[PDB]
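Novice: Sharing a structure here in structure tokens format.
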Amino acid sequence: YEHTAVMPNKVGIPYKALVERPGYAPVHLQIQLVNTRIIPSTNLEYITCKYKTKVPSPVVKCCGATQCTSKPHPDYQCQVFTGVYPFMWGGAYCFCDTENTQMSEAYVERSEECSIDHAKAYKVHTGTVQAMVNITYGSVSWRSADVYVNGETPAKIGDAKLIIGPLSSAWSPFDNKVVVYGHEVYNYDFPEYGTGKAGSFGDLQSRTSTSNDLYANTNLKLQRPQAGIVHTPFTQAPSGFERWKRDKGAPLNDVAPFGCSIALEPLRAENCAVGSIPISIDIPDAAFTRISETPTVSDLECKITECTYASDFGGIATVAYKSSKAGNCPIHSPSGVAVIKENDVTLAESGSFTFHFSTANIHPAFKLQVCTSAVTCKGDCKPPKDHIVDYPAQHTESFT
Amino acid sequence: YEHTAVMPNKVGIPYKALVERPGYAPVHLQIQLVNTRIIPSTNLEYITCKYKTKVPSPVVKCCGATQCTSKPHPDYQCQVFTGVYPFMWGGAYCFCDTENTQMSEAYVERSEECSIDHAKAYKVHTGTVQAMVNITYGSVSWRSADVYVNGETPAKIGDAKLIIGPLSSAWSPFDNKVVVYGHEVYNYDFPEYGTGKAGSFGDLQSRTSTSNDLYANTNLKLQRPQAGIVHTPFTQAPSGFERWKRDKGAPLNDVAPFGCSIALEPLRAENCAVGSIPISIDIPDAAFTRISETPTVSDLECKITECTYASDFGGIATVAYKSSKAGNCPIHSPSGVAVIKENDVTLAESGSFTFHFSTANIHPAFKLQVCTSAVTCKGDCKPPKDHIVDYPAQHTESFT
Amino acid sequence: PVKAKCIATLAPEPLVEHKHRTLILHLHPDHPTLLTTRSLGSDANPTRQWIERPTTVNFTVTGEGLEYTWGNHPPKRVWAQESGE
């Protein structure tokens with residue numbers, strides 16, 4: 001009875017399949033893939049952020065030169081300068097007039113915002129998708145368990161053992177190269193660590209926040225201070241993190257395909273509705289009811305009464321139930337034409353009980369399996385009027 | 001002069017290329033890829049180890065039942081038992097004879113060896129390879145720096161800036177799935193966390209050593225103690241960590257291809273000699289000698305004298321040096337036929353100095369570039385006799 | 001259980017014997033020794049055999065090299081280029 005089932009990847013709607021175990025009473029499913037969070041394999045390549053030209057205070061030798069050296073600070077720009085007369089609080093102070101030397105030095109450093117407000121590149125591989133699958137199973141009526149997709153993983157949470165996927169729809173909405181910012185995720189071809197052109201994205205490129213080493217192509221060019229005054233002309237491109245916040249591109253949670261949402265959290269891409277998942281469950285046999293205890297319902301009749309050719313469960317149909325005992329009777333349309341809101345219907349001794357459903361074909365000729373009794377609920381449906389609210393329960397469009 | 005060079009990946013031998021900068025004197029290389037440690041991208045999936053059935057001490061109710069509950073211990077096997085008469089130091093002690101109840105309980109727990117003697121699975125991706133490249137450069141004569149392979153990374157250690165790879169030979173000798181044990185690394189399709197069949201590898205599956213939760217499919221089945229005596233029959237498969245130590249497979253440092261060694265260290269695979277690496281260096285121009293200061297050597301002559309058709313530098317050749325000044329003269333065979341032990345030869349005023357080399361073609365027609373003077377050192381070579389010692393310097397086999 | 005370095009094993013040295021791209025190895029251990037190799041071509045072609053009985057073995061070494069592991073004695077390596085003249 002290990003109920004294999006191909007199953008559409010779509011998040012917010014149950015998939016009430018039916019266990020046709022030969023010998024005992026069938027049992028309905030209710031498989032709602034409440035989430036499709038993905039979490040691909042990734043690598044933190046480098047944080048970037050806007051620089052801060054945290055200038056070390058220049059040297060001023062008063063009569064003669066002060067040769068600079070290339071200190072190992074990131075992008076340590078330093079250039080000796082002569083021909084000053086530095087006004088500092090008493091007019092000038094160095095008594096020469098051309099031998100007055102000024103050595104400006106400036107290096108690039110991570111902002112304090114780099115720790116917290118920072119873009120973040122990644123090389124993104126495929127990884128392994130997940131889900132908090134609820135099944136309000138059978139008469140168990142509950143399990144809300146986190147699972148995987150790889151087609152040999154069980155998750156014995158509740159009582160049922162369930163194996164999912166691998167899904168066929170391998171579209172990772174993440175591209176190979178991704179930039180990430182706070183919550184807005186950008187599938188951007190970031191240039192690389194160690195290379196980013198100044199002004200362009202990744203002018204600062206630190207491996208992480210702690211990493212004292214980095215790559216700072218900022219085109220930081222010191223110029224001589226003017227007219228014998230102490231200061232430090234640092235001529236520099238404002239960061240490619242400054243832009244990339246107001247001349248950027250749009251976020252993947254606003255431009256992705258096939259229906260995904262995003263988080264700066266394990267780097268999941270939630271709820272990506274695409275393709276199918278070959279899902280298979282091993283039910284606990286204890287949860288089964290033996291066949292000789294559920295009422296046999298045959299010699300019945302089914303008919304629509306007001307079929308709504310729609311998404312919400314507007315389709316209805318009375319069923320002239322013709323039972324033997326009285327009790328519950330799980331139901332399902334093995335044809336995917338009709339999706340039913342009721343998993344189970346209570347029965348007195350051969351009464352009648354309408355259920356709700358939804359279809360996509362004008363003439364819904366769908367079988368209905370009322371606990372081992374098939375029936376065609378043939379009829380005709382009506383279009384609605386009022387179509388602006390969230391996503392459907394029908395999801396069965398085909399040739400009609 | 002940024003000397004691009006395709007370069008064979010092979011560890012223990014220099015690659016003495018030649019800088020042909022137009023305008024100043026050429027300079028030899030000596031690029032010895034002392035290491036090829038790899039460090040792919042990986043993930044600790046689960047430690048395994050042999051279980052320890054650290055039995056909690058059973059209950060013995062003397063007259064009537066003690067229902068057990070399924071405590072959340074890993075693989076908490078517990079089964080009530082009646083019909084005992086437990087001999088404990090005074091004969092039996094419970095005065096009933098069938099209402100004597102015994103509740104055995106046993107759960108699986110990590111051994112103390114699990115912390116230290118433990119296999120270790122991994123999902124292994126490709127990552128990024130490294131090397132402690134020595135270059136005893138030019139007249140610099142030294143730098144032993146750790147580098148990368150990704151073809152935009154410099155490493156300004158010494159004075160030269162050098163960019164390596166990416167290599168074309170992407171054979172990660174690690175497979176996707178790997179088990180690891182102390183030092184012996186096994187490219188094993190470990191089943192998974194959460195699944196491993198009892199007896200088979202990974203009967204115990206703990207995420208890490210600290211992780212109190214785990215997966216213990218050990219098929220632990222308690223049986224009733226015998227003949228009214230206190231004890232706990234635990235019937236169990238000895239671990240799939242017990243086997244996997246004496247019915248295992250062989251280690252990847254003993255079965256890998258293309259020449260690798262291994263460590264339980266950053267999970268590198270050292271010294272994997274395969275394929276080529278497109279390496280490019282930016283020399284310090286200060287290290288160059290201008291062309292008008294090295295002796296011009298032309299109007300020379302070269303000839304072998306005892307060419308050894310071999311690996312060790314057995315090939316020799318006098319050269320009738322015809323210099324202008326006197327001094328050093330870097331040398332190289334731009335053809336890969338001949339590999340030379342001497343990077344540089346000292347010269348008096350037009351003397352003669354033999355060098356050593358090794359070839360693979362019976363008639364070595366290789367050019368020799370003695371500091372901007374080419375010459376064919378044509379000749380013929382002799383096979384050796386004595387071939388059982390480590391790896392060659394020739395590495396140039398082709399059609400001969 | 002701690003990561004002590006036991007005073008530990010060592011197997012008697014091998015008798016290396018040359019042939020044309022081939023290591024004859026007359027070998028003579030103290031105890032059963034797992035020997036194994038790695039023909040360093042991308043064709044690995046490794047070998048494993050516990051040796052307790054003294055045995056002259058053979059190894060078709062290739063052009064580029066082979067390595068050789070006489071027990072926990074360190075791994076050796078070998079250039080076998082030509083010897084057939």
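Here's how to read the names in the structure tokens: chain A, B, ... by the order shown, residue numbers from 1 in each chain, ligand numbers from 1 in the order shown.
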Show me which bits of chain B are within 9 Å of chain C, counting only C-alpha atoms, as a PyMOL selection string.
Specialist: chain B and resi 112-113+115-117+250+253-260+272-274+309-311+382-392+395+397
Novice: Restrict the calculation to only C-alpha atoms, then for each residue of chain B with any atom at most 9 Å from an atom of chain A give the closest atom pair and their distance in Å to one decimal, rows by chain and rising residue number, as a Markdown table.
Specialist:
| residue | atom | partner | partner_atom | distance |
| --- | --- | --- | --- | --- |
| B:41 | CA | A:43 | CA | 8.4 |
| B:152 | CA | A:194 | CA | 7.4 |
| B:153 | CA | A:194 | CA | 6.8 |
| B:154 | CA | A:194 | CA | 8.6 |
| B:192 | CA | A:153 | CA | 8.1 |
| B:193 | CA | A:153 | CA | 8.8 |
| B:194 | CA | A:153 | CA | 7.5 |
| B:195 | CA | A:153 | CA | 7.1 |
Novice: From a backbone DSSP assignment, name each residue in segment 102-263 of chain B labelled alpha helix (DSSP H), as a PyMOL selection string.
Specialist: chain B and resi 252-255
Novice: So the first atom is atom CA of residue 341 of chain A and the second is atom CA of residue 400 of chain A; what is the distance between them in Å, to one decimal place?
Specialist: 22.2 Å
Novice: Which residue gives the smallest distance to residue 109 of chain B among B:329, B:145, B:62, B:49, with only C-alpha atoms counted?
Specialist: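 Under the stated criterion, the closest residue is B:49.
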Novice: Please, which residues of segment 57-187 of chain B, numbered as in this document, come out strand (DSSP E or B) from DSSP, as a ChimeraX atom specification?
Specialist: /B:59-61,77-82,87,101-106,109-110,119-123,131,134-135,144,147,161-163,177-181,184-186
Novice: With N, CA and C atoms kept, could you save the residues just selected as a short mmCIF file (atom, residue, chain, number, x, y, z; two decimals), in the first residue's frame?
Specialist:
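What follows is the written file selection_13.cif:
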data_model
loop_
_atom_site.label_atom_id
_atom_site.label_comp_id
_atom_site.auth_asym_id
_atom_site.auth_seq_id
_atom_site.Cartn_x
_atom_site.Cartn_y
_atom_site.Cartn_z
N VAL B 59 12.77 -1.88 35.14
CA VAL B 59 11.82 -1.91 36.24
C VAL B 59 11.40 -3.35 36.48
N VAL B 60 11.14 -3.65 37.74
CA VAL B 60 10.60 -4.94 38.14
C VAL B 60 9.49 -4.67 39.14
N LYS B 61 8.26 -4.64 38.65
CA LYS B 61 7.11 -4.63 39.52
C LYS B 61 6.77 -6.06 39.92
N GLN B 77 14.05 1.48 22.62
CA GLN B 77 13.38 0.20 22.61
C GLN B 77 13.01 -0.16 24.04
N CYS B 78 11.73 -0.43 24.25
CA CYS B 78 11.22 -0.81 25.56
C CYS B 78 10.07 -1.77 25.37
N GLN B 79 10.09 -2.85 26.13
CA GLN B 79 9.06 -3.88 26.04
C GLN B 79 8.80 -4.42 27.43
N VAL B 80 7.55 -4.34 27.85
CA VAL B 80 7.14 -4.92 29.12
C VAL B 80 7.28 -6.43 29.02
N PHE B 81 7.56 -7.06 30.15
CA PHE B 81 7.61 -8.51 30.23
C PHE B 81 7.05 -8.96 31.56
N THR B 82 6.32 -10.06 31.52
CA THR B 82 5.79 -10.71 32.71
C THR B 82 6.40 -12.10 32.82
N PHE B 87 15.76 -13.89 40.44
CA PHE B 87 16.80 -14.18 41.42
C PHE B 87 17.73 -12.99 41.56
N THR B 101 6.44 -8.77 37.16
CA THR B 101 6.57 -8.05 35.91
C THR B 101 7.96 -7.44 35.82
N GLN B 102 8.48 -7.41 34.60
CA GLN B 102 9.80 -6.88 34.31
C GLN B 102 9.68 -6.05 33.05
N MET B 103 10.04 -4.77 33.16
CA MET B 103 9.97 -3.84 32.04
C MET B 103 11.40 -3.51 31.64
N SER B 104 11.82 -4.03 30.50
CA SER B 104 13.13 -3.76 29.96
C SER B 104 13.06 -2.57 29.03
N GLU B 105 14.05 -1.69 29.13
CA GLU B 105 14.16 -0.53 28.27
C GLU B 105 15.62 -0.33 27.91
N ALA B 106 15.85 -0.01 26.65
CA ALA B 106 17.20 0.23 26.17
C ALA B 106 17.14 1.21 25.01
N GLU B 109 22.98 5.07 22.18
CA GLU B 109 23.71 6.28 22.52
C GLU B 109 25.08 6.22 21.86
N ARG B 110 25.58 7.40 21.53
CA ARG B 110 26.93 7.53 21.01
C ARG B 110 27.93 6.92 21.99
N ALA B 119 33.66 7.56 11.97
CA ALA B 119 33.56 7.88 10.57
C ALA B 119 32.82 9.20 10.43
N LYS B 120 32.86 9.75 9.22
CA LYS B 120 32.36 11.10 9.03
C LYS B 120 31.98 11.26 7.57
N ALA B 121 30.69 11.43 7.32
CA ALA B 121 30.19 11.58 5.97
C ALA B 121 30.32 13.02 5.52
N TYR B 122 30.18 13.21 4.21
CA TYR B 122 30.22 14.54 3.64
C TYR B 122 29.51 14.53 2.30
N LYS B 123 28.81 15.62 2.00
CA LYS B 123 28.44 15.95 0.64
C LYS B 123 29.50 16.90 0.11
N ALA B 131 48.31 25.99 -3.39
CA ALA B 131 49.71 25.59 -3.60
C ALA B 131 50.65 26.53 -2.85
N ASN B 134 56.92 27.68 -4.57
CA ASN B 134 58.22 28.32 -4.50
C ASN B 134 58.55 28.83 -5.88
N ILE B 135 59.07 30.05 -5.92
CA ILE B 135 59.87 30.50 -7.04
C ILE B 135 61.15 31.05 -6.45
N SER B 144 58.38 31.61 -1.19
CA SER B 144 57.62 30.37 -0.98
C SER B 144 56.26 30.78 -0.43
N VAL B 147 49.14 30.17 -2.57
CA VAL B 147 48.39 30.82 -3.62
C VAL B 147 47.08 30.07 -3.83
N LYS B 161 53.96 39.42 -8.63
CA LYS B 161 52.53 39.22 -8.63
C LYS B 161 52.20 38.14 -9.65
N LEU B 162 51.48 37.12 -9.21
CA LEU B 162 51.32 35.89 -9.97
C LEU B 162 49.87 35.45 -9.96
N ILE B 163 49.35 35.13 -11.13
CA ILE B 163 47.97 34.71 -11.30
C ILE B 163 48.00 33.32 -11.89
N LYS B 177 29.72 12.06 -2.68
CA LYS B 177 29.53 11.56 -1.34
C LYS B 177 30.81 10.90 -0.86
N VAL B 178 31.21 11.24 0.36
CA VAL B 178 32.47 10.78 0.92
C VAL B 178 32.25 10.44 2.37
N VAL B 179 32.90 9.37 2.81
CA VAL B 179 33.06 9.07 4.22
C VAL B 179 34.52 9.27 4.56
N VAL B 180 34.76 9.66 5.80
CA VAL B 180 36.09 10.04 6.27
C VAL B 180 36.30 9.40 7.63
N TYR B 181 37.52 8.91 7.86
CA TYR B 181 37.82 8.17 9.07
C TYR B 181 39.27 8.43 9.46
N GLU B 184 42.01 7.82 6.76
CA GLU B 184 41.63 7.09 5.57
C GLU B 184 40.30 7.61 5.07
N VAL B 185 40.30 8.14 3.86
CA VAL B 185 39.15 8.80 3.27
C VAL B 185 38.55 7.88 2.23
N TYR B 186 37.24 7.70 2.31
CA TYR B 186 36.51 6.75 1.50
C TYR B 186 35.45 7.49 0.71
#
Novice: Which value, in Å to one decimal, gives the distance between atom CA of residue 301 of chain A and atom CA of residue 7 of chain A?
Specialist: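 Computing the Euclidean distance for atom CA of residue 301 of chain A and atom CA of residue 7 of chain A yields 29.7 Å.
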